[PDB]
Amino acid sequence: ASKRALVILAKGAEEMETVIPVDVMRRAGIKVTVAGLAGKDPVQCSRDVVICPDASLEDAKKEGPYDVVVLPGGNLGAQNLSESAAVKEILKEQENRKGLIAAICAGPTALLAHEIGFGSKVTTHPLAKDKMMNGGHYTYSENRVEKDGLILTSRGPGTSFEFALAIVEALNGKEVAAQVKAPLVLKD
């Protein structure tokens, strides 16, 4: 009866956009797997923080399905996500089974690369807007967090807490999200 989250961690990922959702989701009792795109080896993030994943993506793929798949941002991290066939397969499968897909900052550009959720309203970091909107396959929003159907997007490192709590609310409900939020000393 425990919900499960998959966080895909690639070289160049924004480490704040990775750690905040992982931390907050585990505070919510969600079982989170931080999966390395390239294997189990440590991952050097965009600002040189080195994180050890819980598993390779290859192994985590076999222990699905996941209630949410989370794509952190970081320009180079998102490019690596966009180029990976393994990510394409995971996202398409998640879209087919109507599971939640969450991406932040530059992360949503991987959805375009893999043709995921076309027709949805999405947000990105302002600097990633042009890339996300190439072709007009989505409708753009400037909301700090945006949720359209099963696609949940957010804008940047400074929206990471709101992004993570939106995932908790979607998975575990509004009361758990509120309980988890209080000890964090968030402003609003």
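For every residue, the number given is its place in the sequence shown, counted from 1.
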(request) Output the stretch having the higher mean C-alpha B factor in the entry; the candidates are 130 to 138 and 143 to 151. (result) 143 to 151
(message) Mean Cα B factor from the PDB record: higher for 53 to 61, or higher for 28 to 36?
(response) 53 to 61
(request) Report the third (lowest, middle or highest) to which the CA temperature factor of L111 belongs, ranking only the modelled residues of the same chain. (result) lowest
(message) Can you tell me whether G158 has a C-alpha B-factor in the lowest, middle or highest third compared with the other modelled residues of the same chain?
(response) middle
(request) Using the B-factors in the PDB entry, rank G173's C-alpha atom against the chain and give the third, lowest, middle or highest. (result) highest
(request) State the tercile, meaning the lowest, middle or highest third, of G73 with respect to the CA B-factors recorded for its chain. (result) lowest
(request) State the tercile, meaning the lowest, middle or highest third, of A1 with respect to the CA B-factors recorded for its chain. (result) highest
